[PDB]
Amino acid sequence: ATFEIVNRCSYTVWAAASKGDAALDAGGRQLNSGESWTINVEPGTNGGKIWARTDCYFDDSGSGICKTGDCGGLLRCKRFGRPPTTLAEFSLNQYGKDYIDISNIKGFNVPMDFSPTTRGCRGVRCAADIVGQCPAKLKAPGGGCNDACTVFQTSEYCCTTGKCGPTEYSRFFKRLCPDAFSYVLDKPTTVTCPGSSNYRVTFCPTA
């Protein structure tokens, strides 16, 4: 599958793509405002994620740090990033179908649209000003709005027992972005697409 990753933000982001134990394609790249990066993701990829990283500093060797979404200090991510990270999530060619979603379960840093570029399904978007409206106890100094599990590490926020309900914090994310997952047992906002669809992820789709 082809993913086009587009930075429509007025600021530079460092895109990342990983399935947790390996990079997808190159794994990461700098995207200045307006730049597009096309990657190829192997069919059958399960549990892939794409996210943006902000305020990064990398040396010649691709080693450094980012204030949001850092993946062990690497430009080319092999593992998932540090919250807060708005997440585009996908599993491809699962018994004939692709499944896509946006998640705020690991917080929010950059607004995002995740849409097919081929026919057969709709896209999803979370583009509200979650950072500006973020509850004080979830605000991340480096930027972004943490999820409650990251901040408080309780069974209820992290849904550790497989039982949990919505919370004051999850409802905040859900109010501003109804089409994104707000906690682990949220009613699924997953979209089913034809197997082997292609996609575009746009950072800052409205601004």
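All heavy atoms count here, side chains included; hydrogens, waters and symmetry mates do not. Sequential numbering from 1 along the given sequence is applied to the chain's residues.
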Show the numbers, then the answer: is there a disulfide bond (SG atoms under 2.5 Å apart) between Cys164 and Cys158?
CA-CA 8 Å; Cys164 59; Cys158 302; over 6 Å; no
Under 3.5 Å, side chain of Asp70 to main-chain N/O of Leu74, donor-acceptor pair present?
no
Taking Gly48's backbone N and O only, do any of them form a donor-acceptor pair with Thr45's side chain (distance below 3.5 Å, no angle check)?
no
Is there any salt bridge (charged side-chain N to carboxylate O under 4.0 Å, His left out) pair reaching into residues 196-207, and which pairs are they, with sequence neighbours excluded?
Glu4-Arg200
Please report, to 0.1 Å, the donor-acceptor pairs under 3.5 Å made by any side chain of residues 126-146, with sequence neighbours excluded.
from, atom 1, to, atom 2, distance (Å)
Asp129, OD1, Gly132, N, 3.0

Which pairs count as salt bridge (charged side-chain N to carboxylate O under 4.0 Å, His left out) when at least one residue sits in residues 153-162, sequence neighbours excluded?
none
Between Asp113 and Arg125, is there a salt bridge with N-O shorter than 4.0 Å?
yes
Pairs in or reaching into residues 68-101: which pass disulfide (SG to SG under 2.5 Å), with residues at least two apart or in two chains?
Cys71-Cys77
Mind checking ring-ring contact (aromatic ring centres under 6.0 Å, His included) for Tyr169 and listing every partner two or more places apart, or none if nothing turns up?
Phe152, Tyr157
Linked, directly or transitively: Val201 and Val13 (ILVMFWY side chains, under 4.5 Å):
yes
Side chain proximity check, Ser36 to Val6, heavy atoms < 4.5 angstrom:
yes
Rounded to the nearest 0.5 Å, what separates atom CG in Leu176 from atom CZ in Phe108?
8.5 Å
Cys66 and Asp55, any side-chain heavy atoms less than 4.5 Å apart:
no
Test item: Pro116 and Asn198 side chains (from C-beta on) under 4.5 Å apart, heavy atoms
no
Test your reading of the model: is there a side-chain donor-acceptor pair from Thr85 to the backbone of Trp51, 3.5 Å cut-off?
no
Verify the cluster assignment for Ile102 and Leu87: are they in a single hydrophobic cluster under the rule of side-chain heavy atoms below 4.5 Å apart?
no
Any sub-3.5 Å donor-acceptor pair from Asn93's side-chain atoms to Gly96's backbone N or O?
no
Linked, directly or transitively: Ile50 and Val41 (ILVMFWY side chains, under 4.5 Å):
yes
Kindly give the cluster partners of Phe58, where membership spreads through any ILVMFWY side chain lying under 4.5 Å from a current member.
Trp14, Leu75
Is there a side-chain contact between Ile100 and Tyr199, using heavy atoms and a 4.5 Å cut-off?
yes
All heavy atoms of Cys177 vs all of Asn104, minimum pair found to be CB-ND2, 3.9 Å
Any heavy-atom pair between the side chains of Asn32 and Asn7 that's under 4.5 Å?
no
Any sub-3.5 Å donor-acceptor pair from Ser103's side-chain atoms to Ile105's backbone N or O?
yes
Verify the cluster assignment for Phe173 and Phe203: are they in a single hydrophobic cluster under the rule of side-chain heavy atoms below 4.5 Å apart?
no
Please, which pairs that meet salt bridge (charged side-chain N to carboxylate O under 4.0 Å, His left out) have at least one residue in residues 88-103, sequence neighbours excluded?
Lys49-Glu89
State, with a plain yes or no, whether a side-chain heavy atom of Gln94 is found less than 4.5 Å away from one of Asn46.
yes
Can you give me every donor-acceptor pair (side chain of residues 15-29, partner residue at least two apart or in another chain, under 3.5 Å) with its distance?
from, atom 1, to, atom 2, distance (Å)
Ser18, OG, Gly20, N, 2.9
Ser18, OG, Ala22, O, 3.1
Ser18, OG, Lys78, O, 3.1
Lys19, NZ, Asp21, OD1, 2.8
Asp25, OD2, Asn40, N, 3.0
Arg29, NH2, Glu35, OE1, 3.3

Side chains of residues 185-194: which donor-acceptor partners sit under 3.5 Å, not counting sequence neighbours?
from, atom 1, to, atom 2, distance (Å)
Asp186, OD2, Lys174, NZ, 3.0
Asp186, OD2, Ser182, N, 2.8
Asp186, OD2, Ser182, OG, 2.7
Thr189, OG1, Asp179, O, 3.3

Could you tell me which residues satisfy side-chain hydrogen bond (donor to acceptor under 3.5 Å, both in side chains) with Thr54, sequence neighbours excluded, listed by chain and number?
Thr68
Taking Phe114 as the starting point, is it possible to reach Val110 by hopping between hydrophobic residues whose side chains are less than 4.5 Å apart?
yes
Restricting to salt bridge (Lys or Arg N to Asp or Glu O under 4.0 Å), what partner residues turn up for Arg171, sequence neighbours left out?
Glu168
Could I get the full list of salt bridge (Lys or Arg N to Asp or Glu O under 4.0 Å) partners for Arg82, not counting sequence neighbours?
none
What are the two closest heavy atoms between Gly123 and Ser115, and how far apart are they?
CA-OG, 3.6 Å
To the nearest 0.5 Å, atom OG of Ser63 lies from atom CZ of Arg76 at 9.5 Å
Between the side chain of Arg8 and the main-chain N/O of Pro205, is any donor-acceptor distance below 3.5 Å?
yes
Is there a donor-acceptor pair under 3.5 Å between the side chain of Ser91 and the backbone N or O of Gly47?
yes
